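**Q** Below: one structure in structure tokens.
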Amino acid sequence: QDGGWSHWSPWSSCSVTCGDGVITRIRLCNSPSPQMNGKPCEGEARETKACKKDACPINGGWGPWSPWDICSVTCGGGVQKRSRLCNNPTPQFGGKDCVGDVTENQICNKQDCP
Ligand SMILES: *[C@@H]1O[C@@H](C)[C@@H](O)[C@@H](O)[C@@H]1O
Ligand SMILES: *[C@@H]1O[C@@H](C)[C@@H](O)[C@@H](O)[C@@H]1O
């Protein structure tokens with residue numbers, strides 16, 4: 001017998017909770033099922049349409065550490081500092097801040113003086 005399409009399914013929810021997603025619905029060649037000697041169902045069994053929502057949060061990335069500062073002293077124990085920025089990338093769309101220190105300090109030229 002000739003194939004026959006069911007009614008469509010409901011649309012799924014949007015595939016994604018932010019950014020550009022998709023919604024799907026499906027139909028079966030069962031109304032009736034092409035039993036034998038018969039023409040199939042005409043068209044595709046699935047529609048995918050697009051769904052679009054607000055931009056996905058962009059979490060903070062650490063950019064690269066500054067070259068160390070020059071040591072506070074040429075001998076007998078000093079400090080040097082370096083720094084970094086949360087802008088690789090910058091937190092966007094309620095994305096999370098970077099985790100860890102903006103700064104580092106370390107000893108340098110601990111070698112006893114003449
Ligand atoms: C679903 O909810 C949205 C708001 C964001 O938190 C997404 O990362 C998540 O997939
Ligand atoms: C840097 O070099 C060391 C060895 C000493 O000469 C210091 O007094 C100087 O500033």
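How things are named: the first chain in the structure tokens is A, the next is B, and so on; residues count from 1 in each chain; ligands count from 1 in the order shown.
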Counting only C-alpha atoms and all ligand atoms, name the residues that have an atom within 12 Å of an atom of ligand 1; the answer should be given as a PDB file with N, CA, C and O atoms, in the first residue's frame.

**A**
```pdb
ATOM      1  N   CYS A  14      14.937  24.240  22.779  1.00  0.00           N
ATOM      2  CA  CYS A  14      16.191  24.712  22.133  1.00  0.00           C
ATOM      3  C   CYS A  14      17.387  23.838  22.584  1.00  0.00           C
ATOM      4  O   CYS A  14      17.531  23.586  23.806  1.00  0.00           O
ATOM      5  N   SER A  15      18.182  23.347  21.626  1.00  0.00           N
ATOM      6  CA  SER A  15      19.356  22.459  21.860  1.00  0.00           C
ATOM      7  C   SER A  15      20.369  23.103  22.833  1.00  0.00           C
ATOM      8  O   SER A  15      21.162  22.357  23.441  1.00  0.00           O
ATOM      9  N   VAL A  16      20.378  24.428  22.989  1.00  0.00           N
ATOM     10  CA  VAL A  16      21.448  25.129  23.759  1.00  0.00           C
ATOM     11  C   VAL A  16      20.839  26.262  24.580  1.00  0.00           C
ATOM     12  O   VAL A  16      19.881  26.891  24.094  1.00  0.00           O
ATOM     13  N   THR A  17      21.380  26.524  25.767  1.00  0.00           N
ATOM     14  CA  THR A  17      20.806  27.489  26.741  1.00  0.00           C
ATOM     15  C   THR A  17      21.412  28.893  26.568  1.00  0.00           C
ATOM     16  O   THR A  17      21.139  29.760  27.438  1.00  0.00           O
ATOM     17  N   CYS A  18      22.180  29.105  25.495  1.00  0.00           N
ATOM     18  CA  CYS A  18      22.771  30.403  25.073  1.00  0.00           C
ATOM     19  C   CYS A  18      23.452  30.221  23.710  1.00  0.00           C
ATOM     20  O   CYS A  18      23.931  29.077  23.440  1.00  0.00           O
ATOM     21  N   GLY A  19      23.592  31.290  22.922  1.00  0.00           N
ATOM     22  CA  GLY A  19      24.227  31.207  21.593  1.00  0.00           C
ATOM     23  C   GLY A  19      23.241  30.664  20.587  1.00  0.00           C
ATOM     24  O   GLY A  19      22.034  30.660  20.908  1.00  0.00           O
ATOM     25  N   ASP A  20      23.712  30.246  19.411  1.00  0.00           N
ATOM     26  CA  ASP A  20      22.847  29.814  18.278  1.00  0.00           C
ATOM     27  C   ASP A  20      22.699  28.281  18.341  1.00  0.00           C
ATOM     28  O   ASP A  20      23.700  27.566  18.103  1.00  0.00           O
ATOM     29  N   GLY A  21      21.493  27.792  18.674  1.00  0.00           N
ATOM     30  CA  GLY A  21      21.164  26.356  18.779  1.00  0.00           C
ATOM     31  C   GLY A  21      20.253  25.898  17.654  1.00  0.00           C
ATOM     32  O   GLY A  21      20.380  26.435  16.533  1.00  0.00           O
ATOM     33  N   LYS A  52      17.975  30.958  18.633  1.00  0.00           N
ATOM     34  CA  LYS A  52      19.075  31.899  18.947  1.00  0.00           C
ATOM     35  C   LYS A  52      18.756  32.560  20.283  1.00  0.00           C
ATOM     36  O   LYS A  52      17.603  32.964  20.472  1.00  0.00           O
ATOM     37  N   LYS A  53      19.732  32.630  21.192  1.00  0.00           N
ATOM     38  CA  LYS A  53      19.542  33.315  22.499  1.00  0.00           C
ATOM     39  C   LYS A  53      20.796  34.103  22.850  1.00  0.00           C
ATOM     40  O   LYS A  53      21.744  34.120  22.045  1.00  0.00           O
ATOM     41  N   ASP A  54      20.768  34.767  23.999  1.00  0.00           N
ATOM     42  CA  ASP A  54      21.865  35.660  24.444  1.00  0.00           C
ATOM     43  C   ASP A  54      23.192  34.889  24.447  1.00  0.00           C
ATOM     44  O   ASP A  54      23.185  33.657  24.650  1.00  0.00           O
ATOM     45  N   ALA A  55      24.294  35.621  24.243  1.00  0.00           N
ATOM     46  CA  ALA A  55      25.677  35.100  24.102  1.00  0.00           C
ATOM     47  C   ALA A  55      26.051  34.285  25.352  1.00  0.00           C
ATOM     48  O   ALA A  55      25.644  34.709  26.565  1.00  0.00           O
ATOM     49  N   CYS A  56      26.773  33.175  25.085  1.00  0.00           N
ATOM     50  CA  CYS A  56      27.298  32.308  26.167  1.00  0.00           C
ATOM     51  C   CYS A  56      28.373  33.103  26.916  1.00  0.00           C
ATOM     52  O   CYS A  56      29.213  33.838  26.320  1.00  0.00           O
ATOM     53  N   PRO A  57      28.264  33.075  28.264  1.00  0.00           N
ATOM     54  CA  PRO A  57      29.305  33.588  29.132  1.00  0.00           C
ATOM     55  C   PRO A  57      30.682  33.253  28.545  1.00  0.00           C
ATOM     56  O   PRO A  57      30.862  32.152  28.030  1.00  0.00           O
ATOM     57  N   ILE A  58      31.590  34.228  28.588  1.00  0.00           N
ATOM     58  CA  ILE A  58      33.020  34.053  28.202  1.00  0.00           C
ATOM     59  C   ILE A  58      33.818  34.199  29.482  1.00  0.00           C
ATOM     60  O   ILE A  58      33.743  35.270  30.063  1.00  0.00           O
ATOM     61  N   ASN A  59      34.457  33.124  29.927  1.00  0.00           N
ATOM     62  CA  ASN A  59      35.267  33.130  31.171  1.00  0.00           C
ATOM     63  C   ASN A  59      36.591  33.854  30.930  1.00  0.00           C
ATOM     64  O   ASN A  59      37.171  33.730  29.828  1.00  0.00           O
ATOM     65  N   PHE A  93      29.719  38.480  29.246  1.00  0.00           N
ATOM     66  CA  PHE A  93      28.381  37.855  29.351  1.00  0.00           C
ATOM     67  C   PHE A  93      28.277  37.053  30.660  1.00  0.00           C
ATOM     68  O   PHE A  93      27.929  35.851  30.635  1.00  0.00           O
ATOM     69  N   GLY A  94      28.606  37.687  31.788  1.00  0.00           N
ATOM     70  CA  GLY A  94      28.605  37.076  33.137  1.00  0.00           C
ATOM     71  C   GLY A  94      29.542  35.873  33.280  1.00  0.00           C
ATOM     72  O   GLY A  94      29.384  35.133  34.277  1.00  0.00           O
ATOM     73  N   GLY A  95      30.474  35.662  32.337  1.00  0.00           N
ATOM     74  CA  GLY A  95      31.591  34.699  32.449  1.00  0.00           C
ATOM     75  C   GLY A  95      32.370  34.902  33.741  1.00  0.00           C
ATOM     76  O   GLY A  95      32.313  36.027  34.287  1.00  0.00           O
ATOM     77  N   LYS A  96      33.036  33.846  34.232  1.00  0.00           N
ATOM     78  CA  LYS A  96      33.756  33.812  35.545  1.00  0.00           C
ATOM     79  C   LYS A  96      35.070  34.605  35.454  1.00  0.00           C
ATOM     80  O   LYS A  96      35.743  34.540  34.391  1.00  0.00           O
TER      81      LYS A  96
END
```

**Q** List as a PyMOL selection string the protein and nucleic acid residues near residue 82 of chain A, meaning an atom at most 8 Å away when only C-alpha atoms are counted, but skip any in the same chain fewer than 2 places from it.

**A** chain A and resi 65-69+80+84+103-105

**Q** Could you save those same residues with N, CA and C atoms as a PDB file, in the first residue's frame?

**A**
```pdb
ATOM      1  N   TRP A  65      52.475  36.591  31.539  1.00  0.00           N
ATOM      2  CA  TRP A  65      53.276  37.245  32.614  1.00  0.00           C
ATOM      3  C   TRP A  65      54.246  38.271  31.980  1.00  0.00           C
ATOM      4  N   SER A  66      54.331  39.426  32.628  1.00  0.00           N
ATOM      5  CA  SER A  66      55.358  40.449  32.317  1.00  0.00           C
ATOM      6  C   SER A  66      56.744  39.826  32.491  1.00  0.00           C
ATOM      7  N   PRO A  67      57.759  40.272  31.722  1.00  0.00           N
ATOM      8  CA  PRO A  67      59.136  39.965  32.098  1.00  0.00           C
ATOM      9  C   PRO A  67      59.327  40.407  33.560  1.00  0.00           C
ATOM     10  N   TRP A  68      60.087  39.621  34.311  1.00  0.00           N
ATOM     11  CA  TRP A  68      60.413  40.004  35.703  1.00  0.00           C
ATOM     12  C   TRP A  68      60.894  41.450  35.703  1.00  0.00           C
ATOM     13  N   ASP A  69      60.545  42.195  36.745  1.00  0.00           N
ATOM     14  CA  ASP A  69      61.264  43.438  37.099  1.00  0.00           C
ATOM     15  C   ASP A  69      62.730  43.057  37.356  1.00  0.00           C
ATOM     16  N   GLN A  80      61.950  40.794  43.139  1.00  0.00           N
ATOM     17  CA  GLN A  80      61.453  41.195  41.805  1.00  0.00           C
ATOM     18  C   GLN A  80      60.013  40.694  41.658  1.00  0.00           C
ATOM     19  N   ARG A  84      50.208  40.070  35.508  1.00  0.00           N
ATOM     20  CA  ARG A  84      49.414  39.563  34.358  1.00  0.00           C
ATOM     21  C   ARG A  84      48.022  40.183  34.407  1.00  0.00           C
ATOM     22  N   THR A 103      49.870  38.959  40.509  1.00  0.00           N
ATOM     23  CA  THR A 103      51.270  39.377  40.770  1.00  0.00           C
ATOM     24  C   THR A 103      52.071  38.183  41.325  1.00  0.00           C
ATOM     25  N   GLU A 104      53.376  38.195  41.100  1.00  0.00           N
ATOM     26  CA  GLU A 104      54.347  37.280  41.753  1.00  0.00           C
ATOM     27  C   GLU A 104      55.552  38.106  42.170  1.00  0.00           C
ATOM     28  N   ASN A 105      56.078  37.772  43.335  1.00  0.00           N
ATOM     29  CA  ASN A 105      57.310  38.347  43.899  1.00  0.00           C
ATOM     30  C   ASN A 105      58.252  37.179  44.221  1.00  0.00           C
TER      31      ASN A 105
END
```

**Q** If the limit is 8 Å from any atom of ligand 2, counting only C-alpha atoms and all ligand atoms, which residues qualify? Return them as a PyMOL selection string.

**A** chain A and resi 73-75+113-114

**Q** Tell me which of A:42, A:89, A:8, A:83 sits closest to residue 101 of chain A, counting only C-alpha atoms.

**A**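 Looking only at the distances to residue 101 of chain A, the closest residue turns out to be A:83.
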
**Q** Between A:111, A:1, A:90, A:106, single out the one closest to residue 38 of chain A, counting only C-alpha atoms.

**A**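 Among the listed residues, the smallest separation from residue 38 of chain A belongs to A:1.
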
**Q** Find the residues around residue 7 of chain A up to 9 Å (only C-alpha atoms counted), leave out those fewer than 4 positions away in its own chain, and share them as an mmCIF file with N, CA, C and O atoms, in the first residue's frame.

**A**
```
data_model
loop_
_atom_site.group_PDB
_atom_site.id
_atom_site.type_symbol
_atom_site.label_atom_id
_atom_site.label_comp_id
_atom_site.auth_asym_id
_atom_site.auth_seq_id
_atom_site.Cartn_x
_atom_site.Cartn_y
_atom_site.Cartn_z
ATOM 1 N N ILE A 26 9.847 15.361 14.492
ATOM 2 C CA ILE A 26 9.974 14.144 13.636
ATOM 3 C C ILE A 26 8.585 13.573 13.295
ATOM 4 O O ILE A 26 7.627 13.804 14.053
ATOM 5 N N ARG A 27 8.503 12.880 12.160
ATOM 6 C CA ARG A 27 7.298 12.155 11.701
ATOM 7 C C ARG A 27 7.736 10.797 11.151
ATOM 8 O O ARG A 27 8.903 10.704 10.686
ATOM 9 N N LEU A 28 6.820 9.812 11.225
ATOM 10 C CA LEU A 28 7.026 8.397 10.828
ATOM 11 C C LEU A 28 6.168 8.081 9.604
ATOM 12 O O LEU A 28 5.015 8.533 9.572
ATOM 13 N N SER A 31 1.511 5.810 8.774
ATOM 14 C CA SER A 31 0.088 6.269 8.828
ATOM 15 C C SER A 31 -0.579 6.322 7.448
ATOM 16 O O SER A 31 -1.286 7.276 7.126
#
```

**Q** In Å to one decimal, how far is atom CA of residue 86 of chain A from atom CA of residue 70 of chain A?

**A**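 Atom CA of residue 86 of chain A lies at a distance of 23.5 Å from atom CA of residue 70 of chain A.
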
**Q** Closest to residue 44 of chain A among A:85, A:29, A:61, A:71, using only C-alpha atoms?

**A**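 Counting only C-alpha atoms, the residue closest to residue 44 of chain A is A:29.
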
**Q** Could you name the residues that touch residue 12 of chain A at 9 Å or less, counting only C-alpha atoms, but leaving out those on the same chain fewer than 3 positions away, as a ChimeraX atom specification?

**A** /A:9,15,22-25

**Q** What residues in segment 25-103 of chain A get the DSSP label strand (DSSP E or B)? Please answer as a list in words.

**A** residues 25, 26, 46, 47, 48, 49, 50, 51, 52, 53, 58, 62, 78, 79, 80, 81, 82, 83, 86, 92 and 103 of chain A

**Q** Choose the residue, out of A:112, A:79, A:10, A:62, that has the smallest atom-to-atom separation from residue 97 of chain A; count only C-alpha atoms.

**A**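 Among the listed residues, A:62 lies closest to residue 97 of chain A.
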